[PDB]
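Next up, structure tokens for two forms of one chain, structure 1 and then structure 2.
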Structure 1
């Protein structure tokens, strides 16, 4: 009984002209009148609010869009004048048309559904868009496309200390091409005076699993220069087995 009374008072609050307390039999009739006094676009608004998506109907034959909603402007910063009168291939990264051809094909898949990711041009700037839709009536695609969320270089090593991954910024920081660091141990590029130090660091990073340790040593550049370098390093662990996949270092000059 308490919950039905609470429902009655809540419905009394939700009706304006009623809050301005008429029974319950009366309260329901006031609510019915308020319902009679009052859709579809309310779904477009919730969808744009939740996923930053816009609806579009294109043609499965030529790709020409038969309808684009105004929601394409807050999503892609493009007016309906651009989309309308064009085809989806013109609004898509040139390396996706093949994919698009496979999705806009109705040779085997009607009323079938479609789900695919593609790069759409916005504002040349492209944004990743997840498109989910279905085939309709020759045939059209009704879909919704939604959006979604040098001083150093990163490197990966094995337990020994051998470069197994090098990010390109090394070319600017130490001068070597990535192929020149890959395959060789990091101790090889270290000043001998400092080598032991570096080794001790690589001996502790593994024994201090997951923790970050910072060593500093002289790195031999391609120009044969002793650049002082601060390497912060930690071991990466497999989330399921806790086994050490590799040692991740952030080699920073100065």
Structure 2
């Protein structure tokens, strides 16, 4: 209770610094009149702006029966690089990836869930395109509302980009420089991405089921073996090795393989070894 009286001192000092326009009760008097100088904690407009500061999204309202856009907020332009010209007068199906139409229609159905019911789904929507449309993943959450024929049902929703972290080759914009593989602890190719075709000349199925040593120059094979055994004895830390890899055609290639073991997040057992194979 000495704490209780001392927090109340601090508080009166905080309100001292907060009121622009003394003794504690004089502070309280001028703060009373200041509060009356200005029912919810925030205004709906303030909360709207706060939400738009948090999420990279836009509000839309569409008819449940046809997807017809009845409203879109101007923040659809910074979000999707799309003028309001493109949304008003169209339906939501005009904006989404064709493969998403069915899902959208099911989300817009009010057969078993209507007035006040919630909706949460993911679709892909058209963005501003210079020359074939380009789609972006949008997470939509909203509710069903009778829109004042009679009052038809409508989805009132916010669509957002970048709700999580976004999910390659980045040094040569034209031809791939490397490919990722996975191996069992024995060294057998159990996963390779299609960039193998451009980097070493083999189709993925020409590597899967075979051992990486089978593609290593004999003079380098022991070094590759040593490095792989070492990465198996390490637990997730990357180790690099450089060796001569045999192409499907076009001779031997210097290749940097940097590997690490994938540890099961629970059992800590080795799921596989992950490899980035880069033509040096």
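Numbering follows the first chain given and starts at 1. Take the two forms, find the largest set of C-alpha atoms that superpose within 1.5 Å, and that set is the rigid core.
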Would you point out which of 179, 49, 192, 223 is found at the hinge linking the two rigid parts that shift between structures 1 and 2?
49
Turn angle in ° for the smaller rigid piece between structures 1 and 2
9
Between structures 1 and 2, how far the Cα of residue 12 shifts once the core is aligned, in Å:
5.3
In Å, the rigid core superposition gives a C-alpha shift for residue 58 between structures 1 and 2 of 0.2
Once both forms are fitted on the core, what is the Cα shift for residue 230 between structures 1 and 2 in Å?
1.9
